[PDB]
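**Q** Quick one: this structure, given as structure tokens, is what I'll be asking you about.
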Amino acid sequence: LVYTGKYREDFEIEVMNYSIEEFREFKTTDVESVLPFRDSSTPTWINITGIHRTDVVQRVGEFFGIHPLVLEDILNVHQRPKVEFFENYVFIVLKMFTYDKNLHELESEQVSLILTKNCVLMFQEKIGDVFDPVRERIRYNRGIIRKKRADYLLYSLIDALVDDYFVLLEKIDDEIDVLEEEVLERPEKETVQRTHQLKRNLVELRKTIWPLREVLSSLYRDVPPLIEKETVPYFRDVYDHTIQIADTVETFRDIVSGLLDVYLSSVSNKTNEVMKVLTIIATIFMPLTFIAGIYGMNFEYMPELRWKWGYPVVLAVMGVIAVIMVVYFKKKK
Amino acid sequence: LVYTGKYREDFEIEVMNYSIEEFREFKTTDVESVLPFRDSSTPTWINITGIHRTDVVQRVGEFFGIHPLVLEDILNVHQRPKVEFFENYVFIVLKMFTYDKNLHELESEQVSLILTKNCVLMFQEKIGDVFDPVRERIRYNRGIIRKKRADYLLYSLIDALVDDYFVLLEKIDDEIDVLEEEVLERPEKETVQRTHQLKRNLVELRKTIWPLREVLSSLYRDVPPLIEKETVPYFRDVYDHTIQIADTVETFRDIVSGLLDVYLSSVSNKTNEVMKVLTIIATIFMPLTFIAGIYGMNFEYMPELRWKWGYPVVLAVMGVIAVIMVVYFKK
Amino acid sequence: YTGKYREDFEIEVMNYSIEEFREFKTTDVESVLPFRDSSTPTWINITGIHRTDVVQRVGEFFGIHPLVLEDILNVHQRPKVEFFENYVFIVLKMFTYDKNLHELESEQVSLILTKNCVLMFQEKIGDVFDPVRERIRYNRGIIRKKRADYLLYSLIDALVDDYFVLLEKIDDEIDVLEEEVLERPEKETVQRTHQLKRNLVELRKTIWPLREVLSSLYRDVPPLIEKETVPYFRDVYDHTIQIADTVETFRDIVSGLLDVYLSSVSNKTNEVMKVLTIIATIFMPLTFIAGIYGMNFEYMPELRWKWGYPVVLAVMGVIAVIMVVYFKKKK
Amino acid sequence: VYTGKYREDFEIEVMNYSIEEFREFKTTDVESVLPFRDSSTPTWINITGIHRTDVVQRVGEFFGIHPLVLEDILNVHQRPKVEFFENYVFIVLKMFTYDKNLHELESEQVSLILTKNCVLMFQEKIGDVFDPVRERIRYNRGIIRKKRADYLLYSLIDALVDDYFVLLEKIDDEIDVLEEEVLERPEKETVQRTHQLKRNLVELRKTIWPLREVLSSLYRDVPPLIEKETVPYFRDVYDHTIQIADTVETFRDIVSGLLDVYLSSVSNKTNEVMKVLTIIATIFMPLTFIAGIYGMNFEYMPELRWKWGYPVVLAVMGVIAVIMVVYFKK
Amino acid sequence: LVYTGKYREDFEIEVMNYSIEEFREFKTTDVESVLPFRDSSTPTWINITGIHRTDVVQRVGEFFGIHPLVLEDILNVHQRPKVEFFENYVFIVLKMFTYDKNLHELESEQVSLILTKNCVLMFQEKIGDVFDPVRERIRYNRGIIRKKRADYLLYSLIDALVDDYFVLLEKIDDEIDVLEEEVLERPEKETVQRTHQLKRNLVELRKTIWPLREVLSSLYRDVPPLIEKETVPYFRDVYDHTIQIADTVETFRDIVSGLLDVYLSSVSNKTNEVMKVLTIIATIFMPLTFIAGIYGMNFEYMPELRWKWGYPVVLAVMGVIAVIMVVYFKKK
């Protein structure tokens, strides 16, 4: 039993049993109070927050007769999502994402679950989730959520985790718009440094959902013990929502790529803005310096003193030269 | 039960009850007057504008016995279009899209409606809709919209909404037409800030349309309380169009996709072209200037004055070198 | 009249029957008017519509909407079909592209079919109706035995066939541009493409919305008899598909033209600087040294060192030459 | 009207199988394949050389096929689709092939029509991926004999699915060659080759993208055929096109990023020259200016009044050049 | 039978024979010493080094009746990792990579293996492998490897193989962080070369592992000759790795792909930065030297002498004009 997560602080127990009639919920740290709900007729949902605790799970897990490896695998926070099939229960590896705005940081939380008999087990590390509206449906008798069983109750949680990324979408757009305005007006250094932060976290997001599809697809392909009549209409929708994300990822991939060019295109303009100055100055002096060089040189036959008005006439012909090119300038280049 | 919308200004109600025989249309802001129309055997079409009113949503919902969310989710002005079937009513979320050509921006208004029995409730935040020609055929008993019930009206309402997207695409292309031309001829940075945001507007669009197919797809394969037969092929025609719509959207991206580089394409090439102009100037005068710079420097031995006419001969040897370079240039 | 041609003007009327035929050229505007109630379908040519006296007369003579007259006076307008209880106004263009220089001209052809007459309006001289005149002249086709209904289409189909030549015009220039860009590349090429690609976009400006224009009568034609012109519209639209595709076909190619052309010169940007560097970087050192002896001092090494003039120059030569080996090093 | 580029060869073949026995033949006779319209066992039919409008018209009118359905086949340039009917099934498909020698992707349309137990397959030229499919029909190998023409069609399409994977292998290998050239020994005109590949890659996306609807239309419906013995099978095929198209989008980024390597290589070697050009002119311009002053002529010359002036002038400016050396690369 | 490798130097053959009872091993380059152990009912692990030998590999291939082309394929050191299936034994193409951090080099080592009956063939290129701790378990009876057969050891070989790929990436991972710091701050020349080499080796990396993933799924779905599901679930562990490894490879691919263009905007922006200096340094002296060259010329009418204090005045006006350029600067 090895917990490799960073949350070893708080622990919490919550159990929500429901039926076509009533609803019940409580928060008791008692380990042996939530266990007798296992053989309950009505589907009994159980929450375990603060999964860092090995002692409680070691009692609860072995009260359910859970395979030893499955116990520690839960405590392992470094894992690629999957599903563990058994003759009694079904285990699934999941992840939750949280992106704090006004900052670029991607944190994750691994949620594990085991569906045995009528009981659904949700295992949390810290406080907070997107499965609160699910409880709202349970508590307020919203839909067929009171009638159906654990596999649907599980799907209700599965359906919620799907919407988790949809909520995360607007969180992404926030940092984009801030980064947008940085690029759109007065672009500067560290912007590209911020670009990578947005760019790196971008593909990283889809990278997680990518194998998670087959994790859910294999379920949608098999599920022998659970009712497939209920299953097929459930997961097929979730199976569709991954396409909604598949486009949504590329949606921002084009934005990040496109907006990146704007900061890059400005430099070319800025370069062109400067290289026009270096151009016009070099074109109005070096040819005239050539004139100053010839008369600067002294030869055998000197027409300067020979011809009348040798000195003043030199400035005259050069003055026009400086003008005629300006007319040729101030145009499209 | 909080309205987070940007329009809490005005509040409007309109009621239209019709049939193959009779017809009536009127605007009564009275919440009590529209209530007894719940038991109407004829299809009841009701307009409700100014959804900012929490009490009206509550009051109308109470008398109709509506779930809190179904009333509250409407007050939530930020929501994804979807469909929920019920034993009595049908929860539907829609999004009206509007675009102005002068100022480039995508403005929208969320639309939700509920259909139970013969009752239909259209909801709006602000004034304006595309259902004006719909009311025409209703009012003048034109089409089959009178002959059938609210179920076909439900289609007829959505039909006008889906049709609006086609017209919207027409405005988009012309904005692209002007935009794409500006980059071609004019390497000036004004369209650049316009493009990426106008591109973003189209990018914003596909985010809605793609999952919006489920709104059709759900009704297309199910409609348990609604009548069978007719309901599906009418939706099919729309479900066929929503394919063409989304395919039309992605097609537009290809234009803007490489159009961004065209801006950089001209600038980079012109910059280098300017360098070419600067190059040929600095390369021809300096060596010829270097010549006179040598004679500008004096020494003890000057063969130039030893052999007569050393002045004009130098002018000749320089003139050819400058020309033969220009000949070498323009290669 | 918003056009620029106020010079050339001509009036022609070719009235036919199932038996006989008549044609005449009378500059009098009042002369063609009594042909309105002529039992036989009367086709009328009006070239040089710049004259408002003919515009104002005919419009008031047939009772034509004032804006429709202005629509003819407006030479810059999208093709369309205007449905009315009596007549139908249609905007059409005649595309002509010379191979000598890149330019595509378009003359608007408006037509109004009312009662017993069909009107053709030309801005300047020239059309594709010369063989159509022959069909009215030589009794070729069903144009004689039918009324103004197919008589109008006989004018239409000839215009439809005109687009084919235009594709052949551009495609030839494309094939030339294929040889101009992909191989033997030079400047001003893109500028020719900048004219061609622009006209290519300018081409889709008309044809693409012209589909609905031809599709306007596809399912309608209210005053005239139907199902004769409908299968015509079918095959006519069968042609414009390949046309618009051919338009789009060139676009993808034309894109690949500049794209490869872009990286070509932008890579030579470095190559150009290679020449500008090696030339300018060998002068400033030498020009300075050759500019030293121009200065004045108390002690002169020029006179102190015998052969002061040639020795200094002789040694600096190789010092500038070794720069070539100093340069040219593989970057 | 046949607008295709293959009007040369033509061939007709019919493969009729059972759960026990099997028979096949090659007869160009148009009236030999028609009486198998009422064949109990599912009939598989191969027709290459769709340029012939007579057979398509003859066989089509024999099956009561709508002229437009026969006309859509005559059109060789078309987007894949699915059209359900109360009797038969009409589906349009495409075949893509790439050669490594010259960078180009050749295309071919396959329009199949399933009516009851009769399946039609139409081609322009010789060559297909249905050869290993025939083997199972030939050797009584697998479930393919037991199930009907619906699973046959499923298998026919299923075989066409993996064809893209192998087709994806081609471009990825071309990428590998492109990975080599752009990075190692960067070369001009390679972008032109790359831009063609870009044009080739986008060209492929035109088919697979609406082909999702092609698969989704079938999979989520199947009105005439047996649903539960067909629908879950279409899924895996409908699942693959997601896995396929995602791999397609993957290459789009791969080639895009590597395309900028050659671009980045140029600007770097460009700037490589610029920094050198800078320090050359910047040092002599002030120095040349100084000597140019003493070259000027006036009424008063203090240079002669400067004791030991000449040796120190060239020396005092000698330090100015030195302090700029360390200043370089600050 | 053509050897295409670079190691024609050394040769060695080790044979490790064990059972559920004992263990025994020997190292004999003699060909006819390792052959009679073919009919051994006990699992026999046979090392094969000196793959340059076309004759012995043939001879052993002759002794086992191995297909001639397969023998040449073993002699072929240029091949995609795959599995050649046979009715009795099984041929598999594999690779072993080694990377040093000092000099960036990804070297390749192809090891083919064939398990016939109880005999295990392992074709080495040169001396040494990562199977050193694997030999300990066979020798010192460490684990259930003794109680099980060589088919279980067959997967135990993959363990040493895959564990290398883990450490391999861990070695390679060190360079990216450094290359980042090279790109993020203090960017310079040769950075592209490191960006090239590390990515180039990474290209070679996926080019090997990605098709090597098909090796497992080839057997994992079947394993026809050996025991099924008594070997298959072991593959599932590496099956998780071979996908995650290539994704961890893909991780480095995406990072380097992004790390590259950051350096592009780094230089290109600072390219103009130096051009700012060259512009303002040159353009100010362009007229100055020209002005000095004006009076450098000589004429019949010289107003310089006509103008009192001609020398100090001219040098005075050029003092302020050159300075205002920096004030004329700071525009855009």
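As shown in the structure tokens, the chain order sets the letters A, B, ...; within each chain, residues go from 1, and ligands are also counted from 1 in the order they appear.
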Using only C-alpha atoms, which chain B residues lie at most 10 Å away from chain D, written as a ChimeraX atom specification?
**A** /B:221,243-244,247,251,254,296-297
**Q** Print the selection's residues with N, CA, C and O atoms to a file, as a JSON list (two decimals), in the first residue's frame.
**A**
[["chain", "number", "residue", "atom", "x", "y", "z"],
["B", 221, "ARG", "N", -34.35, 10.15, -34.32],
["B", 221, "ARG", "CA", -34.38, 8.70, -34.14],
["B", 221, "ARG", "C", -35.34, 8.26, -33.04],
["B", 221, "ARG", "O", -35.54, 7.06, -32.84],
["B", 243, "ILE", "N", -25.64, 18.79, -42.12],
["B", 243, "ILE", "CA", -24.42, 18.16, -42.60],
["B", 243, "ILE", "C", -23.75, 19.09, -43.61],
["B", 243, "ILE", "O", -22.56, 19.36, -43.52],
["B", 244, "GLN", "N", -24.54, 19.58, -44.56],
["B", 244, "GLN", "CA", -24.05, 20.49, -45.58],
["B", 244, "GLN", "C", -23.58, 21.81, -44.96],
["B", 244, "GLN", "O", -22.62, 22.41, -45.43],
["B", 247, "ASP", "N", -20.22, 21.14, -43.15],
["B", 247, "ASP", "CA", -19.22, 20.90, -44.19],
["B", 247, "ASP", "C", -18.86, 22.20, -44.90],
["B", 247, "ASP", "O", -17.72, 22.37, -45.34],
["B", 251, "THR", "N", -15.03, 24.18, -44.86],
["B", 251, "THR", "CA", -14.51, 24.54, -46.17],
["B", 251, "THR", "C", -13.97, 25.97, -46.17],
["B", 251, "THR", "O", -12.94, 26.26, -46.78],
["B", 254, "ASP", "N", -10.25, 26.76, -44.98],
["B", 254, "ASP", "CA", -9.15, 26.53, -45.91],
["B", 254, "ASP", "C", -8.68, 27.83, -46.56],
["B", 254, "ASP", "O", -7.49, 27.99, -46.85],
["B", 296, "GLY", "N", 42.39, 61.07, -53.82],
["B", 296, "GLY", "CA", 42.13, 62.05, -52.78],
["B", 296, "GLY", "C", 43.30, 62.09, -51.83],
["B", 296, "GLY", "O", 43.66, 63.13, -51.29],
["B", 297, "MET", "N", 43.91, 60.92, -51.64],
["B", 297, "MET", "CA", 45.14, 60.80, -50.88],
["B", 297, "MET", "C", 46.32, 61.16, -51.78],
["B", 297, "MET", "O", 46.39, 60.73, -52.93]]
**Q** Which residues of chain D are close to chain C, meaning at most 6 Å apart when you count only C-alpha atoms, and how do they look as a PyMOL selection string?
**A** chain D and resi 192+270+277+284+288+291+294-295+303-304+310
**Q** Each residue of chain B lying at most 6 Å from chain C should get a row with its shortest atom-to-atom pair and the distance in Å to one decimal, counting only C-alpha atoms; could you produce that, ordered by chain and increasing number, as JSON lines?
**A**
{"residue": "B:272", "atom": "CA", "partner": "C:269", "partner_atom": "CA", "distance": 5.8}
{"residue": "B:279", "atom": "CA", "partner": "C:276", "partner_atom": "CA", "distance": 5.9}
{"residue": "B:290", "atom": "CA", "partner": "C:287", "partner_atom": "CA", "distance": 5.5}
{"residue": "B:294", "atom": "CA", "partner": "C:290", "partner_atom": "CA", "distance": 5.2}
{"residue": "B:296", "atom": "CA", "partner": "C:294", "partner_atom": "CA", "distance": 5.9}
{"residue": "B:297", "atom": "CA", "partner": "C:294", "partner_atom": "CA", "distance": 4.0}
{"residue": "B:299", "atom": "CA", "partner": "C:309", "partner_atom": "CA", "distance": 5.4}
{"residue": "B:300", "atom": "CA", "partner": "C:303", "partner_atom": "CA", "distance": 5.7}
{"residue": "B:301", "atom": "CA", "partner": "C:309", "partner_atom": "CA", "distance": 5.7}
**Q** Just write the chosen residues, C-alpha atoms, as a CSV table (one decimal), in the first residue's frame.
**A**
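Final output, again.csv:
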chain,number,residue,atom,x,y,z
B,272,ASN,CA,14.0,41.6,-49.7
B,279,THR,CA,22.1,46.5,-52.6
B,290,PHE,CA,37.1,54.2,-53.4
B,294,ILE,CA,42.9,57.0,-53.5
B,296,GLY,CA,42.1,62.1,-52.8
B,297,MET,CA,45.1,60.8,-50.9
B,299,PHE,CA,51.9,61.0,-52.4
B,300,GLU,CA,55.4,62.0,-53.4
B,301,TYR,CA,55.1,60.3,-56.8
**Q** State, in Å with one decimal place, the distance from atom CA of residue C:199 to atom CA of residue C:50.
**A** 25.8 Å
**Q** For the interface of chain D with chain A (cut-off 10 Å, counting only C-alpha atoms), please tabulate each contacting residue of chain D alongside its nearest pair of atoms and their separation in Å to one decimal, rows sorted by chain and increasing number, as JSON lines.
**A**
{"residue": "D:232", "atom": "CA", "partner": "A:221", "partner_atom": "CA", "distance": 9.0}
{"residue": "D:235", "atom": "CA", "partner": "A:221", "partner_atom": "CA", "distance": 9.4}
{"residue": "D:236", "atom": "CA", "partner": "A:221", "partner_atom": "CA", "distance": 9.0}
{"residue": "D:239", "atom": "CA", "partner": "A:217", "partner_atom": "CA", "distance": 9.1}
{"residue": "D:242", "atom": "CA", "partner": "A:243", "partner_atom": "CA", "distance": 8.4}
{"residue": "D:243", "atom": "CA", "partner": "A:210", "partner_atom": "CA", "distance": 9.9}
{"residue": "D:246", "atom": "CA", "partner": "A:246", "partner_atom": "CA", "distance": 8.4}
{"residue": "D:249", "atom": "CA", "partner": "A:250", "partner_atom": "CA", "distance": 8.8}
{"residue": "D:253", "atom": "CA", "partner": "A:253", "partner_atom": "CA", "distance": 9.7}
{"residue": "D:292", "atom": "CA", "partner": "A:296", "partner_atom": "CA", "distance": 9.9}
{"residue": "D:295", "atom": "CA", "partner": "A:296", "partner_atom": "CA", "distance": 8.3}
{"residue": "D:296", "atom": "CA", "partner": "A:296", "partner_atom": "CA", "distance": 8.5}
**Q** Using only C-alpha atoms, which protein or nucleic acid residues come within 7 Å of residue C:118? Drop anything in the same chain fewer than 2 positions from it, and give the result as a list in words.
**A**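 What passes the distance filter is residues 42, 43, 44, 112, 113, 114, 120 and 148 of chain C.
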**Q** Compute the chain A side of the contact with chain C at 12 Å, counting only C-alpha atoms, and hand it back as a VMD selection string.
**A** chain A and resid 286 290 293 296 to 298
**Q** Kindly determine which residues of chain E lie within 12 Å of chain B, considering only C-alpha atoms, and give the answer as a PDB file with N, CA, C and O atoms, in the first residue's frame.
**A**
ATOM      1  N   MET E 286      26.950  58.277 -42.206  1.00  0.00           N
ATOM      2  CA  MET E 286      26.812  58.367 -43.658  1.00  0.00           C
ATOM      3  C   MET E 286      26.912  59.811 -44.173  1.00  0.00           C
ATOM      4  O   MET E 286      27.598  60.060 -45.164  1.00  0.00           O
ATOM      5  N   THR E 289      30.964  61.749 -42.865  1.00  0.00           N
ATOM      6  CA  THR E 289      32.156  61.584 -43.693  1.00  0.00           C
ATOM      7  C   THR E 289      31.987  62.337 -45.010  1.00  0.00           C
ATOM      8  O   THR E 289      32.947  62.876 -45.561  1.00  0.00           O
ATOM      9  N   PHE E 290      30.752  62.377 -45.499  1.00  0.00           N
ATOM     10  CA  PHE E 290      30.424  63.117 -46.711  1.00  0.00           C
ATOM     11  C   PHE E 290      30.644  64.616 -46.524  1.00  0.00           C
ATOM     12  O   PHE E 290      31.146  65.291 -47.423  1.00  0.00           O
ATOM     13  N   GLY E 293      34.234  65.374 -46.582  1.00  0.00           N
ATOM     14  CA  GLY E 293      34.755  65.272 -47.932  1.00  0.00           C
ATOM     15  C   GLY E 293      34.446  66.492 -48.779  1.00  0.00           C
ATOM     16  O   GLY E 293      35.072  66.709 -49.818  1.00  0.00           O
ATOM     17  N   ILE E 294      33.476  67.288 -48.337  1.00  0.00           N
ATOM     18  CA  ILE E 294      33.096  68.506 -49.046  1.00  0.00           C
ATOM     19  C   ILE E 294      34.246  69.505 -49.076  1.00  0.00           C
ATOM     20  O   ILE E 294      34.659  69.961 -50.143  1.00  0.00           O
ATOM     21  N   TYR E 295      34.762  69.839 -47.897  1.00  0.00           N
ATOM     22  CA  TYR E 295      35.879  70.767 -47.788  1.00  0.00           C
ATOM     23  C   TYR E 295      37.191  70.070 -48.129  1.00  0.00           C
ATOM     24  O   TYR E 295      38.231  70.713 -48.268  1.00  0.00           O
ATOM     25  N   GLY E 296      37.131  68.748 -48.263  1.00  0.00           N
ATOM     26  CA  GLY E 296      38.272  67.974 -48.715  1.00  0.00           C
ATOM     27  C   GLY E 296      38.555  68.269 -50.174  1.00  0.00           C
ATOM     28  O   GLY E 296      39.664  68.051 -50.663  1.00  0.00           O
ATOM     29  N   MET E 297      37.538  68.769 -50.868  1.00  0.00           N
ATOM     30  CA  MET E 297      37.678  69.177 -52.258  1.00  0.00           C
ATOM     31  C   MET E 297      38.353  70.541 -52.351  1.00  0.00           C
ATOM     32  O   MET E 297      38.341  71.315 -51.394  1.00  0.00           O
ATOM     33  N   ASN E 298      38.942  70.828 -53.506  1.00  0.00           N
ATOM     34  CA  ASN E 298      39.626  72.097 -53.719  1.00  0.00           C
ATOM     35  C   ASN E 298      39.031  72.870 -54.889  1.00  0.00           C
ATOM     36  O   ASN E 298      38.679  72.288 -55.915  1.00  0.00           O
TER      37      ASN E 298
END
**Q** Which residues in stretch 26-245 of chain E does DSSP call strand (DSSP E or B)? List them as an MDAnalysis selection string.
**A** chainID E and resid 26:27 44:49 83:85 90:92 95:100 105:110 112:116 119:123
